[PDB]
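Heads up, the thing below is written out as structure tokens.
Using ideal geometry, Cβ is built from the backbone for each residue, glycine included, and neighbour counts are taken over all protein chains shown. What follows draws every value from the coordinates through simple rules; no lab data is involved.
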Amino acid sequence: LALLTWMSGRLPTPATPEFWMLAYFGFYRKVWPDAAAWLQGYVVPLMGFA
Amino acid sequence: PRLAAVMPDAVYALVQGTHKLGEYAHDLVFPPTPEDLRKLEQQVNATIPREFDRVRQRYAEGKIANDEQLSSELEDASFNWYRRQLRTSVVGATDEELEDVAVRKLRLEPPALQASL
Amino acid sequence: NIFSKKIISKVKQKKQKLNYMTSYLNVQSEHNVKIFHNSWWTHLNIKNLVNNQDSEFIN
Amino acid sequence: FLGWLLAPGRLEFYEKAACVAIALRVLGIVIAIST
Amino acid sequence: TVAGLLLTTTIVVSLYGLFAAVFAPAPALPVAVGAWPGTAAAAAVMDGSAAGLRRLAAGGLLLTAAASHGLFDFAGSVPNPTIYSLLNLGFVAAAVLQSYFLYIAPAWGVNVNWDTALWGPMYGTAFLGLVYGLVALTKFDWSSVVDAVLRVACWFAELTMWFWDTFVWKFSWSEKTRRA
Amino acid sequence: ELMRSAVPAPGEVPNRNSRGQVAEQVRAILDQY
Amino acid sequence: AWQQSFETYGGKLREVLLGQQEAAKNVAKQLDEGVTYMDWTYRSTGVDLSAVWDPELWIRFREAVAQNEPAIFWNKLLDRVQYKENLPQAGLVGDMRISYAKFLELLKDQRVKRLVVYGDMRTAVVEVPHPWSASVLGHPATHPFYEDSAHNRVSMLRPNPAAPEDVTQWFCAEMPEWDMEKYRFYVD
Amino acid sequence: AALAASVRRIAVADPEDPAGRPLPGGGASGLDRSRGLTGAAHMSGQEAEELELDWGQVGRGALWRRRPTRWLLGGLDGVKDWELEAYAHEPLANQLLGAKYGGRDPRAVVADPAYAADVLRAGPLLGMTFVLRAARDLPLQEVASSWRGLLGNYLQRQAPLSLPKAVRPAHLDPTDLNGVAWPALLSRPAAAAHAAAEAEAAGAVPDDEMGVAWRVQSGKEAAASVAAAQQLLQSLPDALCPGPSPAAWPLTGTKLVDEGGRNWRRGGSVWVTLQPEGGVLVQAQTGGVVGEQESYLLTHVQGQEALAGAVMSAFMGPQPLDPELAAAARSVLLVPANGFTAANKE
Ligand SMILES: CC[C@H](CC[C@@H](C)[C@H]1CC[C@H]2[C@@H]3CC=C4C[C@@H](O)CC[C@]4(C)[C@H]3CC[C@]12C)C(C)C
């Protein structure tokens, strides 16, 4: 995000395709398959269903 | 000027300053010992060679110097210790003849293990 | 504690001279930067002499 | 990299450049206080 | 805002606790093979003194579920915007008190980790009630946590710009200069 | 002599000087004064 | 003002440290072992710093700051920058190559004192003592390092009771490595 | 001693005179291969069998300051006091309990409380061991008051002890100070059944199949021993904490506790064993590098049947500290009664 705003000269918001490309590729395929296990093992026990 | 001389002085000053700051960091957190300073006193005293004890007594009884006469007194003590160590290197010590010098520099004898315990 | 500092500095320099002089037994010297005819062999491009003139399995 | 960076020739160039630099700095301030 | 999310999540969790508590007869306690084959209540069945207990817990969970649904679809305009301040008390304090009970539960040595349909929604709804006390305590605008996101994003951006210009490539080199 | 190490010590290795170093020594002592 | 902060926080930190004194000396070992080998940096940051980090230089710096002898540090660092000056220039004179078979033969019969395999592992500098500087025989070609009172060099022969009548099969002690005159041969 | 302290193994020249060629003896010695390790000593099976380590592990449990909750975040609320394991003599476990409760349905054997009173009263006969290790930082005053409150209720709420009858005197033979008679006791005429029967004719005839003539002591000897046990426990704040100076405390000066004199180190282990006749054995061991582990013998009291019964019926009794390890240990004490051995060293 920092480098994209510096280069293109504007921040990627959900109105732009850059934000969605970053979101999908980066977030969903690099951090989500692990942060999912993290939340499934740390925050969901607090709520009702285990 | 002469970077070849500046760099070693630079690194020496760096590490020595770090040592000083560490000593300060250790004397405030862990305050100094009141009497084991005498332990270190005497245990840095004990390794002073004999050729210097002649001025140590001269340091006790008043007639040390003004500030300059000692700084030319201990010089000859340093030098006679120097030549004595040179003779111990070449011709050996006082209780040691050439056969024992050849023994010592050939590393022929082991350190006594039975006498250790 | 000044007298000890002075006499031990004296014997320290003396031990340094003992090491740099002859067979002293426990002391570590210090080395110097060498600024002179440094290595003398990179001054030369001798490939044409050694390979006797007078990369296809790669790509 | 450092053995190439601190070669004697580069050392002498650094030294001469720094000498002329400090010289011109102090000379400029000398002529500037002289105004 | 996070008030709506809070209450609707308490809705979902309590209704699922009901749908899993009123549809099954009972779970079974592990036998712990070889545990004092005589007395000490081991290698037995659960009693008719706890099924009604489970149904009472489920009924209380349903009443607080419907209460949360009422408050949620009432204060969705956040008709009375300020009357619920009374039931606010009832909706939060007891909840926290609830947790207190469960917070003393390991002290009493009661086991809550083995069974599913009893203490799960217990701790869930209790912590969610404390969190609603939070939502009313610091009043998340639903755009303030987004502001914290933006704050940490700006800080990390200023970190990576420095890292770039110091260890990768100078910003004076990468960017084009003009006038000549 | 059975339990001696055969690896002498980091210390008991005496110094030995190369040619350039004996030249350095001879200069620094000939013009000691 | 900084000394005012030191004198203020020192008494507080001293008591807090002396309180536990059990984790405050294993946190020390964890921190020092983590700073020596920077082997934590990949999963922490994404930059595997262990490949450009030098443990030995750091350990030498720690020792030179703890015993206040900068040589222990400097003497090391200097031969890192000045590594081309330390290639052997004494026992190598001209075309001082040996052959792979000659080197193998010298190796099998125990005439090689020190083998120095280099970085690429495809080049070596064999070190072979002069034949008279190998054993402690009192040959009048070795410098008189070790002498008797009556100034006669010492020798350490033993006549091999199993195979006498042949001097080359006798037993004798070996000379300290720092007293040998050595050829330094090259080999691919 | 200097030779033994180091590791250097030296081959032996052949007594055959020709060449003095060292023999292929060598040896890996899996007890030697295991130094430098931390937890235990991997042993390649049979080697541990030929070492007579006849105490197979039976159950693992944990003393929790507060057991962990599934619901709160990650179960960090779980704080464990100690990590305890138990062991019991396997040959004797096959000998006594295997001759009576063996040959039936395992579930049916464990299902009746006769087996429960069996494993309760015949425990101290097996020389059962409990090895509980420190899992965190422990100040001695804290865990000491904890232990007092822990063994008070087990001291109060227990009945007279059930003890066997001593058939043979087992006098010592001072001139033979490492000879033991149990091989002769099993192989006296090669028909030791009849001689053993006419020998127990004097003392008593056994009460059941395995061969024990039980004798639960009467009204008296059931409170005097309990009073002496309460006294021995009354010496805990005095023996553990004598006076205000740690410099004279027995814990200072060795790595089982910190140098500060008021905390016990993690990895510290306590071993408990119970002889038949009310005798207690207790040892300690600071863990870590197997190459320098320090074992310590604490005390050896005798006749204290009350504390022996308290320990056995507290670890495995009707209301133990954790019924899970009690159940597991009873079932795994059943499993070798069929003949085999857990940690199968055959
Ligand atoms: C409920 C305690 C449980 C483990 C069992 C330990 C704490 C018990 C078993 C044997 C006992 C000692 C027998 C004789 C001695 C010697 C005497 O001087 C003072 C009393 C003392 C220590 C006795 C008291 C402490 C000892 C060790 C733990 C795990 C909860």
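Take every Cα pair under 8 Å in chain H that's 6+ residues apart, average their separations, divide by the length, and report that relative contact order as a whole percent. Working shown, then result.
Numbers: 491 pairs, mean separation 82.1, N = 346.
Computed over chain H, the figure is 24 percent.
Please give the contour-minus-distance gain from G:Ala90 to G:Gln4: 0.36 nm per residue of separation, less the Cα-Cα distance, rounded to one decimal in nm.
Working: separation 86, 0.36 × 86 = 30.96 nm, distance 5.90 nm.
Taking G:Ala90 through G:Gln4 to full extension adds about 25.1 nm, to one decimal.
Specify the residue with the greatest mean-square fluctuation among H:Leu251, H:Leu321, H:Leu298, computed from a Gaussian network of chain H linking alpha-carbon atoms under 10 Å apart.
Of H:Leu251, H:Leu321, H:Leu298, the Gaussian network model singles out H:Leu298 as fluctuating most.
With equal scatterers on the alpha carbons only and no solvent term, can you work out the Debye log10 of I(q)/I(0) for the stretch E:1-75 at 0.24 1/Å?
-1.02
For a quick check: sort G:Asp179, B:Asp95 by the number of other beta carbons within 10 angstrom, fewest at the front. Before the final figure, lay out each step's value.
On the way: G:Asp179 17, B:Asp95 6.
Lowest to highest Cβ neighbour count: B:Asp95, G:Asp179.
Modelling each spin label as a point 7 Å along the Cα-to-Cβ direction, I'd like the A:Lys30/E:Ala20 distance in nm, to one decimal.
Going from the A:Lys30 label point to the E:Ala20 one covers 3.5 nm.
Hey, rough spin-label estimate for C:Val50 and E:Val45, points 7 angstrom out along Cα→Cβ, what's it come to in nanometres?
Label at C:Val50, label at E:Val45, 9.4 nm between them.
Return the FRET efficiency for the residue pair G:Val167, F:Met3: r is the Cβ-Cβ distance, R0 is 56 Å, and the value is rounded to the nearest 0.05. All intermediate terms of the calculation are to be shown ahead of the outcome.
Details: r = 33 Å, r/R0 = 0.59.
Approximately 0.95, to the nearest 0.05.
Excluding same-chain residues fewer than 8 positions from H:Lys345, which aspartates and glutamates have a Cα within less than 14 Å of its Cα?
H:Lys345 reaches H:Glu47, H:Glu49, H:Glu50, H:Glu52, H:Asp54, H:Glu90.
Could you work out, residue by residue across H:219-227, how many beta carbons of other chains sit within 10 Å of that residue's beta carbon, and then give the average as an integer? Walk me through the numbers before you get to the answer.
Values: counts 0, 0, 0, 0, 0, 0, 0, 0, 0.
Per-residue shielding by partner chains comes out at 0.
For E:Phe167 and G:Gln110, FRET efficiency with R0 = 41 Å and r from the beta-carbon atoms, rounded to 0.05?
On the way: r = 53 Å, r/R0 = 1.29.
With a Förster radius of 41 Å, E is 0.20.
Starting at the first residue of the stretch B:29-43, write each ³J(HN,Hα) from the Karplus equation 6.51 cos²θ - 1.76 cosθ + 1.60 with θ = phi - 60°, in whole Hz, x for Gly and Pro.
In residue order, the calculated couplings are 5, 9, x, x, 5, x, 10, 5, 4, 6, 4, 5, 3, 6, 8 Hz.
Provide the per-residue ³J(HN,Hα) series for the stretch B:109-117, in order, calculated from phi with Karplus coefficients 6.51, -1.76, 1.60 and θ = phi - 60°, each as a whole number of Hz, with x at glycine and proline positions.
With the stated coefficients, the stretch B:109-117 comes to 9, x, x, 4, 8, 5, 6, 5, 7 Hz.
Can you give me the long-range amide H partners of H:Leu84? Hydrogens built in the peptide plane at 1.01 Å from N, cutoff under 5 Å, separation of 5 or more residues or another chain.
H:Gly61, H:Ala62, H:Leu63, H:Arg133
Any chance you could check the Cα centroid distance between the stretch E:1-67 and the stretch H:178-212 for me, in angstrom?
Between the Cα centres of the stretch E:1-67 and the stretch H:178-212 lies a distance of 59 Å.
Helix-only mean residue ellipticity at 222 nm, the protein assembly as shown, DSSP H runs n ≥ 4 weighted -39,500 (n - 2.57), per residue, nearest 500. What is it? Mind showing how you got there, number by number?
Working: 39 runs with 450 residues, N = 1008.
It lands at -13500 deg cm²/dmol.
Extension gain H:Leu236-H:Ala204, at 0.36 nm per residue separation less the Cα-Cα distance, in nm? Numbers along the way, then the final one.
On the way: separation 32, 0.36 × 32 = 11.52 nm, distance 3.89 nm.
Extra length from H:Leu236 to H:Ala204 when fully extended: 7.6 nm.
Can you work out the FRET efficiency for the pair E:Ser174 and G:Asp188, with r the C-beta to C-beta distance and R0 = 60 Å, to the nearest 0.05?
Working: r = 46 Å, r/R0 = 0.77.
So, using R0 = 60 Å, E works out to roughly 0.85.
So which GluC sites (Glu not before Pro) in the stretch B:14-65 pass both tests, a DSSP loop state and at most 10 other Cβ atoms within 10 Å of the Cβ?
Details: sites: B:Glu23, B:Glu35, B:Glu41, B:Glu51, B:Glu61; in loops: B:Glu35, B:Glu61.
In loop regions of the stretch B:14-65 (DSSP not H, G, I, E or B), the sparsely surrounded GluC sites (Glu not before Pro) are B:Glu35, B:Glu61.
Tabulate in residue order the Karplus-calculated ³J(HN,Hα) for the stretch H:36-51, using 6.51 cos²θ - 1.76 cosθ + 1.60 with θ = phi - 60°, rounded to whole Hz; enter x for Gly and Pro.
In residue order, the calculated couplings are x, 5, 10, x, 9, 10, 3, 9, 6, x, 2, 4, 5, 5, 6, 9 Hz.
If you fit an axis through the alpha-carbon atoms of helix B:74-90 and take the longest principal axis of the Cα set of chain B, what angle between them do you get, 0 to 90°, nearest 10?
Taking the Cα atoms of chain B, the angle to B:74-90 is about 40 degrees.
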